[PDB]
Amino acid sequence: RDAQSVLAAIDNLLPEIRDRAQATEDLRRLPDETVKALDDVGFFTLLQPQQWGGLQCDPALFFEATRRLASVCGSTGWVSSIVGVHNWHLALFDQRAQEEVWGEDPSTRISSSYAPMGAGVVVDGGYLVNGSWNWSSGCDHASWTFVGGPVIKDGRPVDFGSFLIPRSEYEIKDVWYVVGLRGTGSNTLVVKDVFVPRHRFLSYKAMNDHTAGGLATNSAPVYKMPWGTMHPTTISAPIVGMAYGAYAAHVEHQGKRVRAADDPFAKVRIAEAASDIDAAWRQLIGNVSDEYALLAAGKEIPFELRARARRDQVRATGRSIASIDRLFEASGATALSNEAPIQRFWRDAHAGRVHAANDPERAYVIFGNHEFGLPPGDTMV
Amino acid sequence: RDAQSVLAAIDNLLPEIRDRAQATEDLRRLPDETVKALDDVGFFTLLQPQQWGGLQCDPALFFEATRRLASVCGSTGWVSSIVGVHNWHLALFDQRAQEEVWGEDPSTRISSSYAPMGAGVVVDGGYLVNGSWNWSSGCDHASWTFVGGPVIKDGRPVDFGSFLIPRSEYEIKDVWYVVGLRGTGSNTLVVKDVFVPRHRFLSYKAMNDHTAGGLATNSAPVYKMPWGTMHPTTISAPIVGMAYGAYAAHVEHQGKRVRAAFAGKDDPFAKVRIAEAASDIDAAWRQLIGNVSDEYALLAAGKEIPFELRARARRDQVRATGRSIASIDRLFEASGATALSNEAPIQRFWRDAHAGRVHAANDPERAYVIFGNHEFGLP
Amino acid sequence: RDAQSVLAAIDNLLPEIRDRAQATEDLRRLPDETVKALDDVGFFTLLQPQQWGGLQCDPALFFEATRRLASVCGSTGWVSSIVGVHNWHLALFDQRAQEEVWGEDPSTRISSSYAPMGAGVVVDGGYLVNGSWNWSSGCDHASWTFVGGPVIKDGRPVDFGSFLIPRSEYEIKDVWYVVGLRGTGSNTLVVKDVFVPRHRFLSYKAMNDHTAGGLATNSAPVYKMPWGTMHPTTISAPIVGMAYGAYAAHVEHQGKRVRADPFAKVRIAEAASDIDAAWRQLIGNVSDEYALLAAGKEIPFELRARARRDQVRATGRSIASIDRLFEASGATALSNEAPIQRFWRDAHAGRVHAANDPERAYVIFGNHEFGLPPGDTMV
Amino acid sequence: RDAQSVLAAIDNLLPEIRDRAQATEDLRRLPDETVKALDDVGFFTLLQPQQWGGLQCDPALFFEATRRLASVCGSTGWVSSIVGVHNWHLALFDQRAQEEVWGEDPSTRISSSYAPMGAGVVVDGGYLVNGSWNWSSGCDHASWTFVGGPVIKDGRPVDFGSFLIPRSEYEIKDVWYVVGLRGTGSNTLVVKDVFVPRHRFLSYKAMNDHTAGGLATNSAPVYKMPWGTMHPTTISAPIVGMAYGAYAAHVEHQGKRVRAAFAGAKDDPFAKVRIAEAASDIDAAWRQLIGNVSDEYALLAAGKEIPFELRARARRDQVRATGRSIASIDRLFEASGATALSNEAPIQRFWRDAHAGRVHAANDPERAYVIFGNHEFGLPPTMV
């Protein structure tokens with residue numbers, strides 16, 4: 001297999017994942033049958049290092065995947081994007097950590113919650129961690145998890161990063177009763193007095209520096225993309241896919257409807273939505289590609305580009321959502337029924353919107369600072 | 001010289017053209033200086049056929065040029081784009097028409113007014129043209145002009161296209177007293193009982209077919225580019241350049257302010273305003289130029305351009321204009337009181353874009369119906 | 001007892017009604033206790049003729065009632081407005097029809113489905129009625145219904161209006177499973193080969209004519225108000241009400257987070273102002289109309305046109321402001337129990353009616369502005 | 001003569017002022033002819049106290065008049081509202097200051113520049129005032145001016161207000177070369193070492209407290225009206241008026257194209273949607289802009305006090321009115337297409353004029369919106 005054949009296989013899955021969207025929403029977590037299928041065609045290998053049988057691929061092709069997934073099932077696209085990018089994150093961890101996860105089984109999955117909703121206290125050999133983390137999309141389908149939060153040594157915050165912990169050392173509290181992305185199963189992770197070895201903590205600082213241990217062995221270009229582009233993009237890409245899905249739905253339904261042998265108003269709003277969605281994607285995937293092309297040539301990623309990515313990325317979410325709102329309003333009465341696909345895309349996108357990577361202001365201030373000749377702050381870049 | 005060095009030389013014209021902006025406006029048409037500088041650097045040869053010394057370039061580079069020009073002077077960018085693209089249109093005329101225009105002096109320029117404000121009636125060996133055509137940008141700097149309209153036979157139209165007429169067979173009436181694009185000198189061409197030979201008419205139909213006569217000797221891929229993308233983009237590219245100009249102006253001004261205030265307010269909204277406009281401007285340009293390059297790449301590979309792509313180009317192009325103007329308005333508002341001065345560039349960029357917006361190729365509805373119809377399955 | 005006291009009494013039901021919102025949503029119809037309480041304080045009497053113990057009130061006070069209800073429970077306010085204006089409509093039917101509905105018990109309620117999803121075929125003594133009408137909000141709580149349709153006389157439509165049919169002659173099909181307005185129970189009404197007497201049909205023409213049989217016995221100025229304002233307003237008023245509900249909900253929660261960001265202040269202020277604007281216009285137009293009727297004057301067509309352009313605008317404004325507050329609410333708004341997402345979901349469901357369509361209203365108004373003649377019958 | 005009389009008379013001034021519109025722009029200040037006619041119909045007496053022969057009128061009628069004037073000539077509506085309102089502001093100064101201004105000639109006019117671009121230093125019996133104040137609309141037509149700034153006692157700001165200064169003690173610098181409101185002649189005021197006595201300064205705080213001197217002789221309810229409503233509304237009213245002007249320019253032009261295609265034959269829903277939305281939005285700018293003023297005045301005329309929440313609501317609605325007017329004008333102007341680019345097209349003038357007006361400090365949206373949000377949230381509070 002290679003990157004392109006995995007994409008082809010994913011195309012083939014779309015119709016079945018689509019028909020399952022209701023059931024997916026019902027389960028409040030991905031159906032085992034779709035996760036298995038994904039796993040079987042190689043989706044999770046996509047951004048996985050080749051030392052573990054993976055494809056350590058071009059990041060643009062991976063998001064292009066998630067966009068397809070989200071274009072038939074919001075929750076499927078959302079979880080896939082997030083779980084997949086974890087196999088990219090784990091590659092920046094040092095060999096020891098990687099070994100524990102994929103040693104006996106390379107198709108092992110990791111979930112996460114990067115918001116600092118807990119902490120790890122220094123002991124001999126690493127960390128003693130406690131906290132309750134929420135929103136771990138797809139945690140129901142993973143054997144390990146990351147959790148974000150500071151390192152506290154003798155009181156006070158020294159580092160901030162992610163801790164890697166096994167399913168057996170955290171409880172999963174089912175509190176996923178929300179208005180959108182219902183089937184993401186983004187439950188809550190309870191960590192009590194769990195020791196985590198020093199080789200299962202990765203610093204963001206380290207990642208920024210290109211001194212993350214795992215890079216020695218995993219030297220493919222893709223493992224040097226900035227977290228600030230890679231992570232928020234994992235959030236925006238599926239949302240963009242949701243707009244594509246909402247668009248196709250509405251077009252189908254509006255097509256039959258306007259074959260009655262004029263209605264300029266209906267045409268305009270479809271042309272505008274189509275163009276805004278296209279602009280979202282071009283920018284999002286475009287900044288991703290500009291950065292990977294640079295790394296591929298051995299060159300370095302200038303701050304200006306990372307800042308442009310952040311502002312375009314929050315913007316992409318904005319215009320995907322605005323388009324979906326206009327396509328929803330236009331679908332009229334028949335979009336109100338609990339089964340109607342367009343209303344699902346609309347609910348899902350709005351749920352996704354609350355994710356922190358989507359806060360427009362945060363991202364615009366970073367880009368605004370850079371244009372105005374100001375020192376960087378916000379590390380989410 | 002090639003396309004790339006012409007692009008490079010145009011960068012070095014930018015500062016002087018910038019400084020000339022007010023003079024340009026006050027003239028109510030382009031200054032001889034600037035027209036001569038563009039000619040000398042080879043700008044007008046960009047889309048000109050090879051057999052005449054032209055570079056028959058990648059259409060995307062021509063448009064990058066117009067963008068840069070318009071980012072310092074709205075009127076220059078607007079005129080340059082329009083008169084430049086006419087060297088493209090003429091390539092499609094059959095050789096004889098070309099010979100009359102370039103045969104003695106290959107640097108000869110042509111203007112146009114494409115909206116149907118007259119007509120040609122069939123007679124022995126051509127047509128009898130009558131009409132009054134407005135909005136001929138840079139007409140004072142051309143010695144031929146295109147005029148658009150139907151060919152009428154015995155009462156009903158039997159064709160539609162462009163008539164190529166020399167300086168001496170039409171009158172220029174100065175009517176350019178407007179709120180924006182004042183330097184464009186977009187005056188009115190008056191044509192009375194003028195005979196045009198058939199080899200100086202060109203059907204739009206004949207361009208779509210690829211039956212247009214000039215195509216035989218002018219074989220480069222650029223000349224297979226669709227009229228429906230080339231002409232509207234010629235209008236959009238400069239409007240987007242103006243948005244770039246507006247942006248740079250507002251950032252230079254506002255930047256000196258946020259710095260300095262950085263020593264004992266905090267105006268997060270000044271940065272939101274700036275991040276949003278740069279994003280929307282980038283998007284306009286990516287789509288506008290993106291569509292150009294997709295089409296050209298197809299042609300370069302001896303492939304054909306699918307109808308759906310041509311319809312995306314139209315929806316994107318009118319949208320591009322819209323993104324630009326909307327972004328310029330936000331920037332203009334954000335510049336506050338200083339932007340009102342007659343000598344502040346941002347109010348010129350703003351008036352210019354709004355004046356450019358009234359062009360037919362920018363009507364959004366008309367383009368959106370086209371893309372909608374295609375989406376919906378309709379004709 | 002009068003409209004102001006009914007109004008003040010409605011204030012008291014608000015806390016109970018707000019707390020019942022979730023139970024109302026789960027029930028998929030209004031809980032019996034809320035219908036009972038509304039009947040107790042006299043809400044259904046508000047637009048009802050005096051001969052039936054009704055208050056035949058100034059309609060601005062009725063709509064102000066629905067707004068208050070919708071600000072604590074979107075479904076309650078929606079159902080109350082619609083069922084409540086039905087007592088206005090019946091007053092226009094001739095005396096005998098009112099007799100049959102209210103003579104025995106004046107507290108009897110009526111539901112509707114006005115869209116023409118069936119028809120009435122002329123027969124001996126009246127009509128034979130057939131169809132399946134959807135979206136009958138509050139039908140579970142009514143013992144009669146209106147269904148909209150044409151009158152068919154020998155295969156050709158000769159009239160259009162409403163037929164009034166008793167519970168025993170139609171079936172209620174439970175099909176109400178929706179993203180919002182869950183508590184409205186807008187189920188479907190199945191009507192098979194049902195005879196309706198001539199006196200239980202009212203033409204819309206006759207309602208515009210002022211020849212509706214009921215005006216002889218019910219001469220209060222409120223019954224002379226135009227259907228084109230009254231009906232669409234019973235849809236818009238509650239929606240505006242929901243915006244008020246969403247606003248209060250968001251200010252309360254966000255207000256504590258703050259006693260712990262100018263951005264939050266801006267969203268809230270634009271939202272507050274756009275909501276206020278929507279209400280002022282919607283209720284202003286209704287009040288101006290009634291004032292003329294009450295003075296003995298006629299309503300000019302231009303006021304009616306304005307009512308309609310403002311009415312669909314009020315909805316747009318309300319829904320945009322809700323959309324902004326709901327976004328601002330962020331993560332908390334996602335829990336299935338969050339009141340703000342209910343308002344958000346209820347508002348967008350109400351938007352599909354059907355009478356919030358802006359184009360139709362705006363065409364009516366544009367035509368009038370352009371001096372074009374009245375064509376469309378509104379609604 | 002009363003306030004309704006003056007209004008009626010202003011109506012018959014409209015066509016002339018409309019006709020003058022272009023001449024006005026080119027002058028870069030209002031024509032003596034206009035100013036003279038406004039004076040003669042009694043426009044400037046509207047908010048002037050009765051002791052000076054003024055009408056001390058219902059301020060809603062005042063703002064209505066500026067709307068009307070601004071609906072035919074933006075500059076004229078702009079200058080008129082601003083200079084007219086100064087007769088209101090002067091009413092709050094000490095009786096002595098009113099005497100100096102209107103003692104001989106009750107029709108004398110005042111201009112202003114209210115932003116702190118200078119300062120007054122405490123000296124015996126008054127202040128020593130220095131500064132360069134820009135943007136003084138209509139100054140070429142006034143013989144007095146207000147200039148705003150803090151009072152500096154021993155090098156520290158200890159109060160804030162307006163200083164009243166006669167023409168002989170300041171220079172009018174001509175610098176008005178702008179893209180819009182060309183005819184307002186909003187030039188610069190230079191004041192160098194000018195003594196201003198105690199009684200020709202008015203603290204904003206004192207206006208708020210109701211301790212301003214003028215209240216001793218001017219008891220009419222209009223003078224209890226808040227500065228934070230009167231001053232910003234004077235900026236917004238004319239702008240809404242410009243929006244009314246553009247609306248009618250557009251409607252009469254567009255109507256031909258739409259009626260012509262009404263049978264043969266293109267249908268044009270877009271054009272009517274666009275006109276319905278603007279009309280509704282302009283109507284909404286006016287309802288709340290004038291409603292807040294009416295609600296305020298209705299309280300004062302009945303001896304009641306104005307609650308802070310109305311003043312805060314007034315401010316959110318006033319900057320919001322400006323915004324709505326400008327968004328609507330933008331849409332109408334775009335829609336009017338190529339004939340609207342002409343130097344003689346009124347709409348392009350309304351468009352440039354409204355966008356010039358927008359830069360005024362009283363229109364900044366965030367400041368007003370922060371005031372209103374603070375109040376909704378409990379936060380402690382100015383305005384203008």
Side-chain angles (χ1 to χ4, degrees), chain A residues 271 274-275 277-279 281-283 285-286 289, chain B residues 3-4 7 46-50 54-67 81-82 84-92 114 202-212 214-215 218-241 282-321 323-324 359-362 364 366-375:
Chain A
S275 170
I277 298 179
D278 188 277
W281 192 245
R282 278 171 181 270
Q283 279 182 323
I285 207 63
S289 279
Chain B
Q4 283 64 30
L7 256 331
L46 278 176
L47 289 172
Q48 195 180 25
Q50 153 96 44
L55 302 162
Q56 47 194 40
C57 81
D58 180 343
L61 307 168
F62 171 79
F63 293 120
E64 168 71 21
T66 72
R67 187 193 67 85
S81 187
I82 292 172
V85 97
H86 289 151
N87 286 0
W88 181 86
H89 196 169
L90 184 57
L92 285 143
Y114 290 118
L202 180 57
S203 189
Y204 286 20
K205 218 161 186 299
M207 300 169 74
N208 210 245
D209 288 354
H210 305 303
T211 57
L215 283 155
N218 297 324
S219 30
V222 73
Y223 305 114
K224 290 188 190 51
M225 288 289 291
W227 182 240
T229 301
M230 290 302 276
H231 183 51
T233 300
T234 206
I235 303 307
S236 283
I239 290 175
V240 179
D282 179 68
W285 186 251
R286 282 179 178 278
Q287 289 184 316
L288 192 83
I289 210 73
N291 286 159
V292 160
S293 295
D294 290 346
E295 291 175 2
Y296 186 65
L298 280 176
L299 302 171
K303 288 191 181 284
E304 290 178 32
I305 299 170
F307 174 74
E308 93 88 31
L309 176 54
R310 276 150 65 191
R312 280 200 278 108
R314 289 253 42 211
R315 70 132 202 261
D316 281 349
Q317 166 264 318
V318 299
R319 189 74 172 181
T321 282
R323 289 183 210 277
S324 284
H359 196 287
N362 280 139
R366 222 297 260 193
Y368 294 155
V369 166
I370 295 172
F371 173 81
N373 276 347
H374 170 275
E375 285 298 78

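A, B, ... follow the sequence lines: proteins, then strands. Residue 1 opens every chain.
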request  = Test ring-ring contact (aromatic ring centres under 6.0 Å, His included) on B/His89 and B/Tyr114 and set out the steps.
outcome  = CA-CA 12 Å; B/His89 196 169; B/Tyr114 290 118; 5.6 Å; yes
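- In this structure, CD1 on B/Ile235 lies 7.0 Å from CG on B/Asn362, to the nearest 0.5 angstrom.
- The line from CG of B/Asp316 to OG1 of B/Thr233 is 10.0 Å long, rounded to the nearest 0.5 Å.
- For B/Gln48, there are no side-chain hydrogen bond (donor to acceptor under 3.5 Å, both in side chains) partners at least two apart in sequence or on another chain.
- Residue B/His359 holds its NE2 atom at 9.0 Å from CD1 of B/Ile239, rounded to the nearest 0.5 Å.
- In this structure, the side chains of B/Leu215 and B/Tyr223 come closer than 4.5 Å at one or more pairs of heavy atoms.
- Rounding to the nearest 0.5 Å gives a distance of 9.5 Å between CG of B/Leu92 and NZ of B/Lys224.
- The two residues B/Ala361 and B/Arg314 come nearest to each other via the heavy atoms O-NH2, 2.8 Å.
- Under the side-chain hydrogen bond (donor to acceptor under 3.5 Å, both in side chains) criterion, B/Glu304 pairs with no residue, sequence neighbours left out.
- Here the CD1-CG distance, from B/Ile305 to B/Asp294, works out to 9.5 Å after rounding to the nearest 0.5 Å.
- Of all heavy-atom pairs between B/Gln56 and B/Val222, the closest is O-CG1, 3.8 Å.
- The two residues A/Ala271 and B/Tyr368 have their closest heavy-atom pair at CB-CD2, 3.3 Å.
- Checking each of B/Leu288, B/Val240, B/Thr234 against B/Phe63 for a side-chain contact (heavy atoms from CB on, under 4.5 Å) leaves exactly one that passes, namely B/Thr234.
- The structure places CD of B/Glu295 at 9.5 Å from CE of B/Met230, a figure rounded to the nearest 0.5 Å.
- Ion pairing of B/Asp282 with B/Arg286 is present here, as a side-chain N (NZ or NE/NH1/NH2) and a carboxylate O approach within less than 4.0 Å.
- Using a 4.5 Å heavy-atom threshold, the side chains of B/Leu61 and B/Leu46 count as separate.
- Side chain to side chain, B/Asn291 and B/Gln317 fail the donor-acceptor criterion of an N or O pair below 3.5 Å.
- B/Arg323 and A/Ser275 get closest at one heavy-atom pair: NH2-OG, 3.1 Å.
- The two residues B/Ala91 and B/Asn218 have their closest heavy-atom pair at O-ND2, 3.0 Å.
- The two atoms that bring B/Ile289 and B/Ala60 nearest to each other are CD1-O, 3.7 Å, heavy atoms only.
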